[PDB]
Amino acid sequence: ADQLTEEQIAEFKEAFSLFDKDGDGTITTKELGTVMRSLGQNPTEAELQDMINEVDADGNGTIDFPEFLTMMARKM
Ligand SMILES: [Ca+2]
Ligand SMILES: [Ca+2]
């Protein structure tokens, strides 16, 4: 288990699906709203822009699964 057991990791994969509902391979900022919100939270518009950028490794302005996982490492 790197991050966590295959369970938690697997769920992170599922969470990814929940994020990228379109399956475009790209979590958008607006989608981030949905994302954080879906986990049962309430982000501000700023939080969408900022939450992405804070965990954007490429500086592109989008989040993928790999980046999500690194973010997940921060989630602790
Ligand atoms: Ca998307
Ligand atoms: Ca990115």
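For the sequence shown, PDB author numbering assigns the number 1 to the initial residue and increments by one for each residue that follows. For every residue, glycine included, the Cβ atom is placed at its ideal position computed from N, Cα and C.
Got a sec: does ligand 2 put a non-hydrogen atom nearer than 7 Å to the Cβ of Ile63? Translated into the one-based positions of the sequence shown, residue 63 becomes position 63. It does: the Cβ of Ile63 is within 7 Å (strictly closer) of some heavy atom of ligand 2.
In chain order, which alpha helix (DSSP H) runs of at least 4 residues are fully inside the region 1–69? 6–19, 29–38 and 45–54
Quick one: measure Cβ to Cβ for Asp64 and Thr26, integer angstroms, because I've assumed they're closer than 8 Å. The residue given as residue 64 occupies position 64 in the sequence shown. The residue given as residue 26 occupies position 26 in the sequence shown. Correct: roughly 7 Å between the Cβ atoms.
Assuming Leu32 and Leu48 make a contact with CB atoms under 8 Å, what is their CB distance in whole Å? For the purposes of this step, residue 32 is taken as residue 32 along the sequence shown, with counting starting at 1. For the purposes of this step, residue 48 is taken as residue 48 along the sequence shown, with counting starting at 1. 5 Å between Cβ atoms; contact.
Any heavy atom of ligand 1 closer than 7 Å to the CB of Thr28? Position 28 of the sequence shown, counting from 1, holds the residue named residue 28. Yes, Cβ of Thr28 sits closer than 7 Å to a heavy atom of ligand 1.
Note down, in chain order, each residue of its chain lying with its Cβ closer than 7 Å to the Cβ of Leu18, except the 5 sequence neighbours on either side. Here residue 18 is taken as the residue at index 18 of the sequence shown, counted from 1. Counting only Cβ-Cβ distances below 7 Å, and skipping sequence neighbours, we find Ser38.
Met72 in three-state terms, based on DSSP: As a working note, residue 72 is residue 72 in the sequence shown. Three-state DSSP puts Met72 in a helix.
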